[PDB]
Every structure is written in C-alpha cells, then in structure tokens.
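Given as structure tokens, the chain that follows is alone and in the form deposited in one PDB entry.
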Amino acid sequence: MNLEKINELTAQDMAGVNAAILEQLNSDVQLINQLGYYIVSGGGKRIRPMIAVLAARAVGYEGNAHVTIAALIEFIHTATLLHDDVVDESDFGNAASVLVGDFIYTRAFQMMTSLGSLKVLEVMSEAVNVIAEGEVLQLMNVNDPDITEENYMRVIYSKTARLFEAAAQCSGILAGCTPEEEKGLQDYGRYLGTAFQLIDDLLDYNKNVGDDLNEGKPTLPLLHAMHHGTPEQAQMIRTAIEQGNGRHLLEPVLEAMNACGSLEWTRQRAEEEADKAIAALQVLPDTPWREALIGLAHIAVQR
C-alpha cells in the first residue's frame, strides 16, 4: 500500500486533525497563528499524527477523539523542535523559540486532559518527560566520542521513538482496544520510531548532510566507523567529535564508513526495527487501516 493510498485513506481524519490544530492555535500573536497555517499547509509526511489516527481506526475506533490525540502529538513534536532551536553562548531567536515552544507544550497538555482519560494522561505524562530527559542526555553527548551504543540507543528511543509509541498506544487506549492489541500498537510505535530515527541519522550523511558531524553530535553510523575503522580513521573521527566544526571531513569520514560497513550496518538495523514493528501489528485484525500502518513501516526504512 503506497503513500498515495495511505494519504487518501487518512484524508478525512487528517482534516479533522488539521481542524483540531487550527482551533487550538488561534491567534492574537501573528506568530502563533501563522504557525497553525504552516503546520496544516505543510507538504511534509506528518507521519506522527497519521499513526495516531491510523492506530485508532485499526482497533475499530468509531468516534473522533483520536484526532485530538494526533494533534497533541504533533504539537509535542513541534515544541521539542522549537526548543531544540535554542542556541547557547555560540551567538526565530531564542526567546521566540522558547516561548512559542512553551505555549504549544502547555496547550498540548490541556488537550491531553480534555480527553478525560487518566490512563492516557499517565502514558503521555511519562512520554513527554522521557523526551525532555532524552534531549538533555543528547545535550551532554555533544562532543563526547565515548558514549556507548547503549546510550545512543537510549537517546533515539527517548527523543524520537517514545512519542511514536505513546501516539499509537494512546489511540489504542481511547478506542478501548484489548490489552493484547494495545501492546501491539505500543511496540509498533516504539520499533517504527526507532527505525525512523536510525534512517534519519544515516541520511544525515546520506537540510544539508554533515550537520551532525559538524555539530560534534555522535550518532550510530559515526560511532560505528570509529569503533570499526582503522586507528587513523578512529582518531580523525574522535577529533571531529571532540572539536566539532568538522564538516570539511565528511568525505574522509564517508570513506571510513563505506570501508567498514557503517551506513549499511545502520540501515540494516533500521530494517530490523521496521520488521519488529510490522510483526507487532500482526495481533491486529487485518484491515486497510492495519495495511496502512504496515505501509508506513516499509516507507520509513525504504530505498
């Protein structure tokens, strides 16, 4: 089931999602208003809110509160991005990024509680705290060539996967699915979210490739080449991470990754996550909605 079939199938619900977003983001501040337009007018994938609407329909949801979940999930993602834009002494602006970020987060929280489900609040509550924790952990890893791939995996699970997992699972809870099904949706997101981030990290080496390297941000493929390349390569990479600003070292780094398998090794691991995701969904009744969720897993790790 290609992306086109998936879009048409989710067309109506995504319109509901966009309506939820516009009603929550309605002005006074041109800034907040034009942001609503920029989100609903986006020509992007918007895979997070879609998982939320698909997961609910997959377990037989008939009402339309799932659109509010999709919306609040997109808000959380948008806020984490705005906060991730904040620049340190290395200098929208910090104020705008911070304040608009706060507005969107808080509004997301209000939305969560409007659903009136304590369990949903329990799951989200933890998820967003875990996301904030992962962002900080990521801050600490900047310029640190020695983090374990265990730490790295905790980072991607925390900052990316967790939101997917909660998006899927909460829709399931709202639909009053069965414990078995709920878990199946939960895992699906965690695994898909994990795949999604692995693919993203490898694509950064392939807005411009080399950003992560340039920032001294250590990701799986870079860490892999460092642990498996030649001592000369490991040293160059270690230095690039410690000092940062090594964008000009992309090619030599690419040479080192090609040589020991880093990029394919990562893609491989991504594909494995996507398959654990699709497997998790096997507990759900085979329907077009479930087909769409599977189609997104494939699209996420494809090339």
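Residues carry their position along the shown sequence, with the first being 1. C-alpha atoms forming the largest set that superposes within 1.5 Å between two forms make up the rigid core.
The same protein also has a form deposited in another entry, omitted here; what follows describes it.
Undergrad: Given a cut-off of 2 Å on Cα movement between the shown form and the other one, rigid core as reference, pick the single residue from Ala256, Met50, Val67, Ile39 that exceeds or meets it.
TA: Per the superposition, the moving residue is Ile39.
Undergrad: Compare the position of the CA of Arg247 between the shown form and the other one after a rigid core fit and state whether the shift reaches 2 Å.
TA: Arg247 C-alpha, core-superposed: shift of 2 Å or more.
Undergrad: After the core is overlaid between the shown form and the other one, has the C-alpha of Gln268 moved by 2 angstroms or more?
TA: Comparing forms between the shown form and the other one, the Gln268 CA shifts below 2 Å.
Undergrad: Just checking, between the shown form and the other one and with the core aligned, does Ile278 shift 2 Å or more at the CA?
TA: Superposed on the core, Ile278 moves its C-alpha less than 2 Å between the shown form and the other one.
Undergrad: Check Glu8 against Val40 at the C-alpha atoms and report closer or farther in the other form, compared with the shown form; the change is 3 Å or more.
TA: Compared with this form, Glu8 and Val40 lie farther apart in the other form.
Undergrad: Tell me whether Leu9 and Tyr37 end up closer or farther apart in the other form, going by their C-alpha atoms; the shift is 3 Å or more.
TA: So the answer is farther.
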